[PDB]
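Cβ atoms come from the backbone with ideal geometry, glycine included; neighbour counts cover every protein chain shown. Since every read-out is calculated from the coordinates, none of them should be taken as a lab result.
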């Protein structure tokens, strides 16, 4: 769908993968049996990827889009596929609900 929603602190998160291996990030969500668009939200981090390695990623990283591909209602299947061939560089837009001031 359409990208951009709120300002938030993060919004546009980008980090050079190829770090310890991947992004070692555990997402939580899907798409179906609802509005055909489930809100993507990180449940945790593999604690072994640029994500948990960038000391920023963790449970609470709603990705509105990934590599241009909207994630604001994607399925772990597709989302994962997108996050798969991310390359040594991952450029996705994440947002929070409210924390750290």
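Please enumerate the residues belonging to region 80-101 that are surrounded by fewer than 22 Cβ atoms within 10 Å (Cβ to Cβ), in a helix (DSSP H, G or I) and in contact (Cβ under 8 Å) with a residue 12 or more places away in the chain.
Restricting attention to region 80-101, the residues satisfying the condition of being surrounded by fewer than 22 Cβ atoms within 10 Å (Cβ to Cβ) are 80-82, 84-89, 91, 95-101.
Next, only the ones that are in a helix (DSSP H, G or I) stay: 80-82, 84.
Within region 80-101, 80, 82 qualify.
Could you tell me whether any residue of region 1-20 is in a strand (DSSP E or B), surrounded by 16 or more Cβ atoms within 10 Å (Cβ to Cβ), free of Cβ contacts under 8 Å to residues at least 40 places away in the same chain and within 10 Å of the chain's Cα centre (by Cα)?
no
So which residues in region 21-56 are within 17 Å of residue 71 (Cβ to Cβ), assigned to a loop (DSSP other than H, G, I, E, B), in contact with a strand residue (DSSP E or B) (Cβ under 8 Å, 6 or more places away or on another chain) and touching a residue at least 40 places away in the same chain (Cβ under 8 Å), if there are any at all?
Correct list: 23, 29.
Answer with yes or no whether residue 60 is in a loop (DSSP other than H, G, I, E, B), more than 16 Å from residue 87 (Cα to Cα) and either free of Cβ contacts under 8 Å to residues at least 12 places away in the same chain or out of contact with any strand residue (DSSP E or B) (no Cβ under 9 Å at 6 or more places or on another chain) (or both).
Details: in a loop (DSSP other than H, G, I, E, B): yes; more than 16 Å from residue 87 (Cα to Cα): yes; either free of Cβ contacts under 8 Å to residues at least 12 places away in the same chain or out of contact with any strand residue (DSSP E or B) (no Cβ under 9 Å at 6 or more places or on another chain) (or both): no.
In short, no.
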